Amino acid sequence: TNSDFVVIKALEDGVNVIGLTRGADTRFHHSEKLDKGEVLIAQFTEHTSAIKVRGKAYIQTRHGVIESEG
Amino acid sequence: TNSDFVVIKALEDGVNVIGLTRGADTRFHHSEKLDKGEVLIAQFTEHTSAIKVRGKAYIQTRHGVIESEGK
Amino acid sequence: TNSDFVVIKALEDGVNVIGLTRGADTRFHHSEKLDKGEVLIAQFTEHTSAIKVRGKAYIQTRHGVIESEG
Amino acid sequence: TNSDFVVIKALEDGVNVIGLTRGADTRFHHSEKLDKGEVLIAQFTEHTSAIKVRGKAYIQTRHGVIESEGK
Amino acid sequence: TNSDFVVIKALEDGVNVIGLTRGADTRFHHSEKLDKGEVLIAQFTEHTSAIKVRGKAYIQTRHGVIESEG
Amino acid sequence: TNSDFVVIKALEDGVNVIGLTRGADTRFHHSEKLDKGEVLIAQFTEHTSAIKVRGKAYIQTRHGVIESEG
Amino acid sequence: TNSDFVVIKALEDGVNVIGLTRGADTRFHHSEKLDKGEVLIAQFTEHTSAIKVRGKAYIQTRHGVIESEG
Amino acid sequence: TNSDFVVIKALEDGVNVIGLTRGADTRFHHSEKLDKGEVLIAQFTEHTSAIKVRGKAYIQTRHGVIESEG
Amino acid sequence: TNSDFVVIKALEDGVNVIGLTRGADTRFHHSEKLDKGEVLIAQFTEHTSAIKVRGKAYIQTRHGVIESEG
Amino acid sequence: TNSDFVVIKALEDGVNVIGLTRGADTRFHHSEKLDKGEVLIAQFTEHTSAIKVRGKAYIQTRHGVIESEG
Amino acid sequence: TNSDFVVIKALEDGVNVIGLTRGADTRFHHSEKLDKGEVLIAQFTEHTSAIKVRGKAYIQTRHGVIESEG
RNA sequence: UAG
RNA sequence: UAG
Ligand SMILES: N[C@@H](Cc1c[nH]c2ccccc12)C(=O)O
Ligand SMILES: N[C@@H](Cc1c[nH]c2ccccc12)C(=O)O
Ligand SMILES: N[C@@H](Cc1c[nH]c2ccccc12)C(=O)O
Ligand SMILES: N[C@@H](Cc1c[nH]c2ccccc12)C(=O)O
Ligand SMILES: N[C@@H](Cc1c[nH]c2ccccc12)C(=O)O
Ligand SMILES: N[C@@H](Cc1c[nH]c2ccccc12)C(=O)O
Ligand SMILES: N[C@@H](Cc1c[nH]c2ccccc12)C(=O)O
Ligand SMILES: N[C@@H](Cc1c[nH]c2ccccc12)C(=O)O
Ligand SMILES: N[C@@H](Cc1c[nH]c2ccccc12)C(=O)O
Ligand SMILES: N[C@@H](Cc1c[nH]c2ccccc12)C(=O)O
Ligand SMILES: N[C@@H](Cc1c[nH]c2ccccc12)C(=O)O
């Protein structure tokens with residue numbers, strides 16, 4: 001329960017924060033839809049070993065800040 | 001019990017701080033409602049592996065500060 | 001017993017520092033009332049995985065300082 | 001025995017440093033009274049998961065410094 | 001679930017973030033395709049011990065920032 | 001054996017460095033008397049979970065420096 | 001899975017990133033060929049205890065940056 | 001064997017670095033006499049949970065520097 | 001597999017990065033030859049507890065940089 | 001095998017670096033004599049929990065630098 | 001395999017880096033000869049708990065830099 | 001002010 | 001001042 005997390009703020013409506021499955025298989029297991037201004041703070045977990053961000057969003061991680069673009 | 005935590009201060013009435021379930025399923029298990037000025041300090045836990053904030057709030061984490069402005 | 005803690009100083013009478021239960025359920029288990037100037041230094045624990053502060057207070061954590069308002 | 005600790009210096013007589021019980025119950029298990037100028041350095045422990053300071057005091061923790069104020 | 005991760009932002013359509021297999025074999029097990037502006041945040045894992053980036057992308061890791069231009 | 005420790009230098013004779021008992025009870029288990037200028041460097045232990053200093057002394061801990069006053 | 005990693009960006013075609021075997025024996029187990037601008041982010045692993053770069057590349061590690069010359 | 005240590009340099013003859021017993025009891029188990037200029041680097045251990053310095057000495061610990069007087 | 005590593009860049013042909021055996025015996029178990037411009041990134045391992053560099057090379061470690069000379 | 005170490009450079013002939021026994025007893029178990037300019041790099045260990053330096057020497061530890069005087 | 005290490009560069013021919021035995025006994029187990037310009041990077045290990053450097057060399061450790069003299 |  |  002003490003894994004790294006990412007912070008995502010939607011800069012438009014309809015931002016998708018997609019969790020990709022951990023393991024031999026890489027598939028979507030959940031897409032969280034964010035409207036403009038909403039903030040998601042999401043860890044890496046047993047089930048999520050990669051996170052894809054689609055849409056305009058501001059992203060903070062341990063490694064710095066970045067914006068995704070639509 | 002020594003997991004990371006976030007600090008959330010409501011900037012308006014009716015902010016929701018939503019805990020999303022850890023595991024194969026991603027659903028809401030609790031939404032804490034905050035009125036303007038209230039502060040919630042919340043950990044990641046066995047049950048919560050993601051936190052969604054709806055409404056205007058000031059947020060502090062290990063990675064910096066940010067404001068939500070959804071809704 | 002080495003988990004993080006938060007410091008809270010009341011800036012008025014009747015501040016409430018509320019422990020929310022750890023686990024599948026999220027309810028109050030204790031509400032600590034602080035009068036003006038009193039300081040509480042409180043850990044996250046087996047029983048408390050979130051803390052809610054109601055009333056005017058100065059708060060320090062590992063992530064910075066912040067004030068709660070009424 | 002390597003838990004965090006707090007430093008408290010009394011700025012008047014009759015300062016109370018109160019240990020609150022770890023566990024499902026939250027009650028006092030000890031109040032250490034300090035007279036002006038005395039310093040207490042006290043850990044979080046199996047028995048103590050929150051500490052309340054009543055009266056005027058100067059306090060140092062990992063997260064900085066703060067003064068409690070008395071009535 | 002607390003391994004390092006990398007941050008990749010596609011700078012053009014068709015970027016490939018390729019996971020190379022951990023172990024005695026070094027083959028591809030997944031290629032994630034990114035459209036311009038999308039961000040992928042990907043850990044090292046049981047199954048992934050090297051990552052290859054094809055296409056123009058901006059990359060953040062623990063050791064600094066870099067742009068691929070393949 | 002790697003617990004935190006405090007440094008105490010007596011600034012007058014008869015300074016008392018008091019170890020308070022770990023556990024459900026909080027009583028004195030030892031008081032070390034220090035003559036002016038003597039330095040004591042004392043750990044937290046199985047037996048000592050709080051330290052009280054009585055009399056004028058200069059104290060260093062992980063969290064900074066402070067003087068006790070008599 | 002939390003071992004250190006190296007970042008390598010080829011500055012010309014034909015760069016080789018060579019994994020040398022962990023253990024009593026030291027031999028090549030894999031050679032990854034990189035075309036100009038491509039980035040490889042590669043861990044030390046059960047199988048790889050040393051990495052050789054041939055050809056012109058820019059390298060980032062925990063200890064700073066360096067360029068190989070081919 | 002990776003506990004904290006202290007560094008003590010005698011600034012006069014007859015400095016005493018005293019190890020106080022770990023445990024329910026607090027007594028002396030060893031007093032090391034140092035002559036002017038001698039340096040002792042001493043850890044906390046299974047047997048030593050507090051160190052008292054008597055006489056004029058310069059002391060370095062993790063928490064800063066200080067001098068004993070006698 | 002997360003032990004320290006060293007980075008070595010040959011500044012001339014015929015540089016030898018020599019691994020010395022861990023254990024009661026200290027012997028050579030591998031000499032890696034590096035030509036000008038090549039970079040070797042090498043860990044301490046089960047089998048290697050000391051590394052010797054012969055010839056002109058630039059070296060980065062945790063403790064700073066240094067050049068060997070032929 | 002990763003406890004703290006100290007660095008001792010002899011500033012004159014006949015410097016003694018003395019390992020004092022870990023445990024209930026504190027006695028000398030080894031005296032390493034250094035000639036002027038020699039460097040000894042010495043860990044704390046299962047056998048050595050305190051180190052005494054006699055004679056003129058420059059000493060580095062985690063806590064800073066100091067010279068012993070003869 | 002993740003203990004501290006030292007970096008030693010010979011400043012003249014005939015430098016000796018001497019590993020002293022871990023344990024109750026302190027003897028030589030190995031002397032590595034370095035000629036001018038050679039670099040040895042050597043760990044503390046099961047067999048080596050102190051290192052003696054004889055001859056002119058430049059030394060880097062976690063605690064800083066120092067030069068040994070013949 | 002005990003060792 | 002031994003290895
Ligand atoms: N009972 C919840 C409390 C909680 C912690 N963090 C949260 C964030 C959002 C909502 C609820 C929570 C839990 O242990 O997980
Ligand atoms: N139930 C999901 C929640 C989650 C965490 N991080 C995510 C990133 C994206 C999507 C969902 C998530 C999980 O525990 O893995
Ligand atoms: N008995 C409570 C005491 C406590 C710790 N942190 C708190 C925060 C708020 C309220 C009470 C507490 C517990 O161990 O969990
Ligand atoms: N016997 C108490 C001593 C203590 C430590 N920290 C405290 C804070 C307040 C009051 C008492 C204490 C305990 O071990 O928990
Ligand atoms: N299922 C993959 C997801 C993944 C993580 N990091 C990656 C890097 C590249 C491609 C896929 C991935 C894994 O657990 O390993
Ligand atoms: N025997 C005591 C020694 C001690 C350590 N720290 C102290 C602080 C005050 C008084 C005595 C002590 C113990 O191990 O706990
Ligand atoms: N299958 C290889 C992949 C790899 C990781 N790092 C490398 C460096 C060079 C070459 C291949 C690799 C391994 O797990 O070891
Ligand atoms: N097979 C060797 C590879 C190696 C690692 N570090 C080295 C340094 C020098 C020479 C070889 C190596 C080992 O695992 O130990
Ligand atoms: N034999 C003592 C040596 C020692 C370590 N630190 C000390 C401080 C003071 C006096 C003696 C010591 C012990 O292991 O504990
Ligand atoms: N075989 C020796 C190699 C070695 C490591 N560090 C050294 C320092 C000096 C001499 C030899 C060594 C050992 O494992 O311990
Ligand atoms: N055999 C001794 C070697 C040693 C390490 N550090 C020392 C300091 C002084 C004297 C000898 C030593 C030991 O392992 O403990």
Side-chain angles (χ1 to χ4, degrees), chain F residues 8-19 28-42 45 47-48 52-57 70, chain H residues 16-33 47-55 68-70, chain I residues 24-26, chain J residues 8-19 24-26 28-42 45 47-48 52-57 70, chain K residues 16-33 47-55 68-70:
Chain F
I8 306 139
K9 177 192 187 170
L11 298 182
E12 68 183 353
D13 295 301
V15 177
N16 273 266
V17 178
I18 300 159
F28 288 173
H29 70 89
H30 179 71
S31 194
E32 186 74 13
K33 273 86 152 112
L34 300 178
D35 290 307
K36 180 169 173 161
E38 281 178 349
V39 169
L40 184 72
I41 304 145
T45 67
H47 294 84
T48 307
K52 183 150 114 178
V53 184
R54 269 202 163 119
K56 183 174 202 79
Chain H
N16 287 305
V17 183
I18 308 168
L20 287 55
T21 57
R22 192 174 292 282
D25 203 21
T26 304
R27 75 200 175 258
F28 288 178
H29 65 89
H30 178 76
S31 182
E32 188 81 19
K33 294 181 103 183
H47 297 89
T48 306
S49 68
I51 299 164
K52 181 163 159 183
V53 186
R54 279 191 161 140
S68 47
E69 298 156 25
Chain I
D25 196 38
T26 310
Chain J
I8 298 145
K9 181 182 167 171
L11 297 185
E12 71 182 349
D13 283 348
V15 167
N16 293 263
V17 183
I18 298 157
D25 196 38
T26 310
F28 283 179
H29 69 78
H30 179 69
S31 224
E32 187 66 26
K33 278 96 148 92
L34 301 185
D35 294 306
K36 185 187 187 150
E38 286 178 336
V39 167
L40 185 73
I41 310 149
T45 60
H47 294 86
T48 295
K52 184 191 202 166
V53 187
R54 281 190 159 125
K56 204 195 188 50
Chain K
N16 270 274
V17 181
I18 305 159
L20 282 65
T21 51
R22 183 171 304 276
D25 188 37
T26 305
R27 49 179 204 282
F28 284 179
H29 70 76
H30 180 75
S31 187
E32 186 66 32
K33 285 104 231 276
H47 296 82
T48 309
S49 58
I51 288 155
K52 203 179 160 156
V53 181
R54 286 204 157 128
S68 63
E69 312 186 58

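All chains are named by letter (A, B, ...) in the order of the sequence lines, taking the proteins before the strands, and each is independently numbered beginning at 1. We use all heavy atoms of the structure for the numbers below, so side chains are in, but hydrogens, waters and symmetry mates are not.
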Chemist: Rounded to the nearest 0.5 Å, how far apart are CG of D25(K) and CG of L20(K)?
Modeler: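 Result: 10.0 Å between the selected atoms.
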Chemist: Please classify the nucleic acid contact of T26(K) as base, sugar-phosphate, or nothing, using heavy-atom distances under 4.0 Å.
Modeler: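 Touches a base.
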Chemist: Any salt bridge linking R54(H) with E38(F)? Criterion: basic side-chain nitrogen under 4.0 Å from a carboxylate oxygen.
Modeler: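 Looking at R54(H) and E38(F), the cut-off is met.
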Chemist: What is the distance, rounded to the nearest whole Å, between atom CZ of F28(K) and atom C1' of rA2(M)?
Modeler: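 Rounded to the whole Å, the gap is 8 Å.
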Chemist: Salt bridge or not for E32(J) and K52(K), using N-O below 4.0 Å?
Modeler: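 So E32(J) pairs with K52(K) through a salt bridge.
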Chemist: Donor-acceptor pair under 3.5 Å: do we get one between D13(J)'s side chain and the base of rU1(M)?
Modeler: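 In this structure, the two groups form no donor-acceptor pair.
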Chemist: For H29(H), answer base if it contacts any base atom (sugar-phosphate contacts may also be present), sugar-phosphate if it contacts only those atoms, and nothing otherwise; contact means non-hydrogen atoms under 4.0 Å.
Modeler: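 Nothing: the residue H29(H), judged by heavy atoms under 4.0 Å, touches no strand.
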Chemist: Take the protein atom CD of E38(J) and the nucleotide atom P of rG3(M), then report the distance between them rounded to whole Å.
Modeler: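 In whole Å, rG3(M) P and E38(J) CD are 15 Å from each other.
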Chemist: Report yes if a donor N or O on one partner sits less than 3.5 Å from an acceptor N or O on the other, where the partners are the side chain of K52(H) and the base of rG3(L); otherwise report no.
Modeler: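 Side chain to base: pair present.
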Chemist: Could you check how far CG of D35(F) sits from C1' of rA2(L), rounded to whole Å?
Modeler: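 From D35(F) CG to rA2(L) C1': 12 Å.
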Chemist: In Å, rounded to the nearest 0.5 Å, how long is the span from CG of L40(J) to CG of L34(J)?
Modeler: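 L40(J) CG to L34(J) CG: 5.5 Å, rounded to 0.5 Å.
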Chemist: From C-beta outward on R54(H), which listed nucleotide comes closest to its side chain: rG3(L), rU1(M), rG3(M)?
Modeler: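 The answer is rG3(L).
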Chemist: Within the structure shown, what part of the strands sits under 4.0 Å from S31(H) by heavy-atom distance: base, sugar-phosphate, or nothing?
Modeler: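 Nothing: the residue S31(H), judged by heavy atoms under 4.0 Å, touches no strand.
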Chemist: Looking at the side chain of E32(J), which of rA2(M), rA2(L), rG3(L) is the nearest nucleotide?
Modeler: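 Given the options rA2(M), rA2(L), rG3(L), the side chain of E32(J) is closest to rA2(M).
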